[PDB]
Amino acid sequence: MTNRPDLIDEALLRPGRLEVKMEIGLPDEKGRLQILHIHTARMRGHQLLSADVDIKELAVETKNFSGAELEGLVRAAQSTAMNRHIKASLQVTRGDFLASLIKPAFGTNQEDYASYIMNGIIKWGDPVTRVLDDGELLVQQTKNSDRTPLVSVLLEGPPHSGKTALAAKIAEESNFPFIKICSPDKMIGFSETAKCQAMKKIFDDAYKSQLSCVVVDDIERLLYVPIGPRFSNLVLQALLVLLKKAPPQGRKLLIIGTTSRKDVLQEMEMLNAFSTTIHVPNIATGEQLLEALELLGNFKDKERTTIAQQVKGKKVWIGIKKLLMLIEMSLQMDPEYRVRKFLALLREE
Amino acid sequence: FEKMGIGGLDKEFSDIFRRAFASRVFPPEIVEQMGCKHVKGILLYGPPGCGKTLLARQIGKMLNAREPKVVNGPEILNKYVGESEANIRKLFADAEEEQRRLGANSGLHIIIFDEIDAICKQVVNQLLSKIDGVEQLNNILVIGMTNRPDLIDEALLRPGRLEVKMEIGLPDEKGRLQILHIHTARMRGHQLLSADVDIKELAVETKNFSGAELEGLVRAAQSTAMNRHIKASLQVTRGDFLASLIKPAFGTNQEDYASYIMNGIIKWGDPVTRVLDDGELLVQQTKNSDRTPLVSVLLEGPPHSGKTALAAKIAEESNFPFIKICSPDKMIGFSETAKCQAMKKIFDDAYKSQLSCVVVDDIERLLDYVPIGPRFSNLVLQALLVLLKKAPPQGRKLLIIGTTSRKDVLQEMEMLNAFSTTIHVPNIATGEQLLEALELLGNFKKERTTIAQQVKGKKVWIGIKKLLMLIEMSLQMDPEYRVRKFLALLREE
Amino acid sequence: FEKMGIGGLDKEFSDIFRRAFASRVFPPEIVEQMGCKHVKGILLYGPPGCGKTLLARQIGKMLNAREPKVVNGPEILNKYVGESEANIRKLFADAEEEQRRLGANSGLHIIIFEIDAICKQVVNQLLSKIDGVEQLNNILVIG
Ligand SMILES: Nc1ncnc2c1ncn2[C@@H]1O[C@H](COP(=O)(O)OP(=O)(O)OP(=O)(O)O)[C@@H](O)[C@H]1O
Ligand SMILES: Nc1ncnc2c1ncn2[C@@H]1O[C@H](COP(=O)(O)OP(=O)(O)OP(=O)(O)O)[C@@H](O)[C@H]1O
Ligand SMILES: Nc1ncnc2c1ncn2[C@@H]1O[C@H](COP(=O)(O)OP(=O)(O)O)[C@@H](O)[C@H]1O
Ligand SMILES: Nc1ncnc2c1ncn2[C@@H]1O[C@H](COP(=O)(O)OP(=O)(O)O)[C@@H](O)[C@H]1O
Numbered sequence: 372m373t374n375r376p377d378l379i380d381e382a383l384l385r386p387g388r389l390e391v392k393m394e395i396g397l398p399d400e401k402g403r404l405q406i407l408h409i410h411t412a413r414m415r416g417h418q419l420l421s422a423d424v425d426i427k428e429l430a431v432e433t434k435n436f437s438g439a440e441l442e443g444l445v446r447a448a449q450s451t452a453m454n455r456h457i458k459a472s473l474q475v476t477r478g479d480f481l482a483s484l488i489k490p491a492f493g494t495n496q497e498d499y500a501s502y503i504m505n506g507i508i509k510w511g512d513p514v515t516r517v518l519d520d521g522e523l524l525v526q527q528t529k530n531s532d533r534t535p536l537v538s539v540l541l542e543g544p545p546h547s548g549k550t551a552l553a554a555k556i557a558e559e560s561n562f563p564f565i566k567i568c569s570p571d572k573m574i575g576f577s578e579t580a581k582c583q584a585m586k587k588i589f590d591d592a593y594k595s596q597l598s599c600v601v602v603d604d605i606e607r608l609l611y612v613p614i615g616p617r618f619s620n621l622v623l624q625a626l627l628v629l630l631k632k633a634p635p636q637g638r639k640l641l642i643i644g645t646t647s648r649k650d651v652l653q654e655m656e657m658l659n660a661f662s663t664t665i666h667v668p669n670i671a672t673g674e675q676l677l678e679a680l681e682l683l684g685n686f687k688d689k690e691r692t693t694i695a696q697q698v699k700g701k702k703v704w705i706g707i708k709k710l711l712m713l714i715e716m717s718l719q720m721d722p723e724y725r726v727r728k729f730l731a732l733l734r735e736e
Numbered sequence: 215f216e217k218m219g220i221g222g223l224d225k226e227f228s229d230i231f232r233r234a235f236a237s238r239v240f241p242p243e244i245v246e247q248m249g250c251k252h253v254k255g256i257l258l259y260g261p262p263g264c265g266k267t268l269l270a271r272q273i274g275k276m277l278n279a280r281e282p283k284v285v286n287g288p289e290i291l292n293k294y295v296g297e298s299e300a301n302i303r304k305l306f307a308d309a310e311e312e313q314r315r316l317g318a319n320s321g322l323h324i325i326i327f328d329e330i331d332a333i334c335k336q350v351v352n353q354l355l356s357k358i359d360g361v362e363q364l365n366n367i368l369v370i371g372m373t374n375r376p377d378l379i380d381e382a383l384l385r386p387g388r389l390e391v392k393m394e395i396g397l398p399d400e401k402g403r404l405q406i407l408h409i410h411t412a413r414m415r416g417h418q419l420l421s422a423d424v425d426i427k428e429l430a431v432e433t434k435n436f437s438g439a440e441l442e443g444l445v446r447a448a449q450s451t452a453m454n455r456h457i458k459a472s473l474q475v476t477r478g479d480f481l482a483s484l488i489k490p491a492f493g494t495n496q497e498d499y500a501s502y503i504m505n506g507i508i509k510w511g512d513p514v515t516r517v518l519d520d521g522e523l524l525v526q527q528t529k530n531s532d533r534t535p536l537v538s539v540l541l542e543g544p545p546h547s548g549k550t551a552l553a554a555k556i557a558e559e560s561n562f563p564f565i566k567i568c569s570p571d572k573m574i575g576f577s578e579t580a581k582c583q584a585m586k587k588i589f590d591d592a593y594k595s596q597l598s599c600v601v602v603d604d605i606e607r608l609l610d611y612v613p614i615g616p617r618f619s620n621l622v623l624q625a626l627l628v629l630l631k632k633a634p635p636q637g638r639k640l641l642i643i644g645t646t647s648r649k650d651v652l653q654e655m656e657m658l659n660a661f662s663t664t665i666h667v668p669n670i671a672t673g674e675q676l677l678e679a680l681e682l683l684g685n686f687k689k690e691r692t693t694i695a696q697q698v699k700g701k702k703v704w705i706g707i708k709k710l711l712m713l714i715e716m717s718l719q720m721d722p723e724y725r726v727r728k729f730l731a732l733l734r735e736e
Numbered sequence: 215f216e217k218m219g220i221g222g223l224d225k226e227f228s229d230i231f232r233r234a235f236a237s238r239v240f241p242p243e244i245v246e247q248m249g250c251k252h253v254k255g256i257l258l259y260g261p262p263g264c265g266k267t268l269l270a271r272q273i274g275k276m277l278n279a280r281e282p283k284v285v286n287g288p289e290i291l292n293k294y295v296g297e298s299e300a301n302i303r304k305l306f307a308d309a310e311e312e313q314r315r316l317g318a319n320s321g322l323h324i325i326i327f329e330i331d332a333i334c335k336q350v351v352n353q354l355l356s357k358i359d360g361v362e363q364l365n366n367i368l369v370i371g
């Protein structure tokens, strides 16, 4: 028995000895239904399970649950029912199952996306709609089409433009069973020969789900300082080889990237590994600014006109994140001076 | 429940009881009917001194089980005389001895494995087999405790073993009030505590006090009362509490700030007011709003301009419970791989408080910058660039301030795009500012007009610290030459 | 006080006495009536030759306690014949011997421990012995 079929040496596999092999993978929906039916046999035999439970719903709710997690779920549900009974003819009921529903290892986690998706998305113009539409088309292509198992993409733009939120919003809507994020701020102090292992291990999980999606954000930090070109070669090679590896037969992927320095990447021969690329621009006209201000919902009509009468004349160039920072800061002044200070600050860029 | 004397652990205790002990107290016939095994592990983690062991021992007595036996990680690790397996076996020996002697209905035996982070390396196998293997003991329970949750390896966490986790954090105000009410019970019972003490005030004065500090405070107050009585029907009173009020670990110490804030601040002109007002606005924003849990800023300007004092002043006026300074003169001679650890550890503590502020000063000396051919450190630069955008765990807040005298060199390294906003601290640039500074300090007297007649003609360019140095030096002359020498020295700049 | 042969250490002695020993001289009934644990350690630091050990010994005689026994850091550190633990155990031998046999009324014993070499940037066994499952109320450790 082993979890690493690669590292066994050839000596044991030649015929006459250890002649057979098999793979025991994650069960699919029928397997899950059968395991659930197996584990709750005795309770239904003695009539402690209520009549409202329907196994076929748990069969479809628990995606990418392994063998042991189902048993754990049932045990936790029974424990919760007992506790409720004792008050801190009992019958485990649907509510306990819902409440109890454990963390799957190969499933989805909520805390990470909560951390990378902070204030959602606000449609302040055409570019946002265009980017969302392209993301949706890519997700559909990877889910339905059969001639393209692997699909890649790279979002890029100026600093403070709104990339990471867009990537997490595109990925989190796919409803794929397996979603994972590889980030540079989980590897503070690691050496290069540990970054390679971490990346490889993260990738070697997405090959064991019938669908998946992986996020690689801030590529420039995984490698770069321009006081003399200094970077790492090991990480660059392992990343350049992993972006064209194909999964085993019948499984599908989707790798979304991110970066703020496109020219440096172009020089290093990396723009030819990503299938396609997308641009995320900055605010460029007063009308976009007024749209964003109205959507956020901070200033009122009279302040709106006061700001418009001045801002409309010139054109501006400011990322969305900076506009959120400033409009948040100005609010702390007394109600008299909010408009004046906000206009002064914006005028300083 | 109050008899165990645990306060501030209502939710954690409730959930632990629900998940881990509901089965064992239910009538045996029904649980035998449903045929569900019992949990077989618990993992507690948090900052040191918050009440983990005192919870395990009370959980031990709650079930009316046998008294526990303890173990320590490094103590077991170093034994390599053939005892590495013997220790593991002997601990469980009694459990299986009684299981065979009676059977399945033997009473449960607890064992407490402290410092479990040491066993797991980023000895294990035998323990793991014994807790769950071909043979199993249905009459044991294991409780782990640790302070470094990350370094436990995945092997112990898969379901079926050490199935539960809980986090024991610093108490909030209600927890502190309850602990204080717990610890002074007996004295008030025997009427030795005076009638002037009000616990609700100590509840609001002791911010970010952990579990043990409150007990230490009470003991120190009692000692002071005794000492007063004996003169170097006694009653501890408010004065003893105030006098005794111990140095917290996650709190504010005045000594550092005394060292960096030496002579206050003098409003000699508009830029000072501008800087202070901007600091106040930033503090308010990071305190009140919930759409920006991280805010950064960088004060920069020419040498000898007055940066460190303003940063410290802004920090101290906030009133945040947790304040710290990461300065590069506490690391004389360290190698790079120790600077990284020191910085990481200074940051990793600010995440365990509901508010905080961290001041990074003299950036260019952390990197070891020297312009005779560009030499610097890459480990520190990377470890510092990653941390300036790390977001704190859910519901907490953080504010970082910077400092530097070489801006453009930083701009070349692509660092200014990590700091949200920047401020400028200018020097003295007109004779009026110079006269106002001289008057505010209050050193010279007629001599003011003598100085003005000459200074007013020209424009000057001199930092505030240098001016303080000159005006302090000239005073040692005899009285009738002071003004003359002050002019001479200044004219050399 | 002047019979102790110490001058220029009034403040330090007074503060140490107040914080560490005020409870050990008050009538036993009252201190038992309030339920307070006794302090279990001290730390004295300074430049060489300013009068530290002579204060430890004088404090030893102040309480009328049993005479102390001393140890040296680098001496203990090098011993790796399995006695790294046996030495530590036999150090507190007398206090352990008397505690289980006389309880509250035991006569407190002292030990004088270069503690900075041990703490490197053998700690754990000593730490457990001073405060572990067992907690002798008749020991006092001065570093
Ligand atoms: N349409 C939008 N697109 C992107 N972000 C938006 C939008 N509307 C509001 N936001 C908010 O703007 C912020 C986006 O910042 P983001 O995480 O994209 O930074 P970033 O571009 O990666 O920064 P940096 O270059 O400094 O690393 C989030 O707080 C998000 O909620
Ligand atoms: N308005 C003011 N702003 C700053 N410092 C002031 C002001 N008024 C008086 N001072 C005094 O000026 C001194 C400031 O020196 P400071 O500690 O800022 O040096 P620094 O800028 O860190 O030095 P360096 O550039 O050499 O590293 C303090 O002694 C402070 O009391
Ligand atoms: N409710 C409480 N929370 C935290 N500490 C408490 C509480 N009540 C009492 N204490 C005191 O805290 C001290 C230290 O607890 P300890 O068991 O050492 O925790 P840890 O092992 O995490 O340091 C104990 O000696 C105890 O008297
Ligand atoms: N008041 C005093 N302060 C300091 N040293 C004193 C005082 N009175 C006497 N001594 C001398 O100090 C010497 C002992 O110093 P010692 O305790 O060995 O220093 P250390 O504690 O650094 O080893 C004795 O020889 C004694 O004569």
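Chains as they are written, first to last, in the entry's author numbering: chain F, 372 to 459, 472 to 484, 488 to 609, 611 to 736; chain E, 215 to 336, 350 to 459, 472 to 484, 488 to 687, 689 to 736; chain D, 215 to 327, 329 to 336, 350 to 371.
We put the CB at the ideal spot given by N, CA and C, even for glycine.
Residue i: beta carbon under 7 Å from a heavy atom of ligand 3?
| i | result |
| --- | --- |
| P282 of chain E | no |
| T267 of chain E | yes |
| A412 of chain E | no |
Could you give the DSSP three-state label for residue i: helix, strand or coil?
| i | result |
| --- | --- |
| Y724 of chain E | helix |
| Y502 of chain E | helix |
| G221 of chain E | coil |
| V431 of chain F | helix |
| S717 of chain F | helix |
Measure the alpha-carbon distance for residue i versus residue j and round it to whole angstroms.
| i | j | result |
| --- | --- | --- |
| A459 of chain E | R232 of chain D | 8 Å |
| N366 of chain E | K586 of chain E | 43 Å |
| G548 of chain F | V601 of chain F | 16 Å |
| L268 of chain D | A318 of chain D | 29 Å |
| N278 of chain E | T494 of chain E | 43 Å |
| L420 of chain F | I358 of chain D | 54 Å |
| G371 of chain E | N659 of chain E | 44 Å |
| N669 of chain E | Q675 of chain E | 10 Å |
| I326 of chain D | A300 of chain D | 18 Å |
| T534 of chain F | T528 of chain F | 7 Å |
I'd like to confirm something about residue i: is its beta-carbon nearer than 7 Å to some heavy atom of ligand 1, or not?
| i | result |
| --- | --- |
| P545 of chain F | yes |
| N505 of chain F | yes |
Can you say whether residue i is buried or exposed, counting buried as having 16 or more other CB atoms within 10 angstroms of its CB?
| i | result |
| --- | --- |
| residue 202 of chain E | This structure cannot speak to residue 202 of chain E, because chain E is shown only from 215 to 736. |
| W704 of chain E | exposed |
| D512 of chain F | exposed |
| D479 of chain E | buried |
| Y502 of chain F | buried |
| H456 of chain E | exposed |
| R375 of chain F | exposed |
Please tell me whether, using a cut-off of 7 Å, the distance from the CB of residue i to the nearest non-hydrogen atom of ligand 2 is below it.
| i | result |
| --- | --- |
| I707 of chain E | yes |
With respect to 7 Å, is the separation between the Cβ of residue i and the closest non-hydrogen atom of ligand 6 below this value?
| i | result |
| --- | --- |
| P262 of chain E | This structure lacks ligand 6; its bound ligands are ligand 1, ligand 2, ligand 3 and ligand 4. |
How would you list, in chain order, the residues of chain E whose beta-carbon sits under 7 Å from the beta-carbon of residue i?
| i | result |
| --- | --- |
| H417 of chain F | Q247 |
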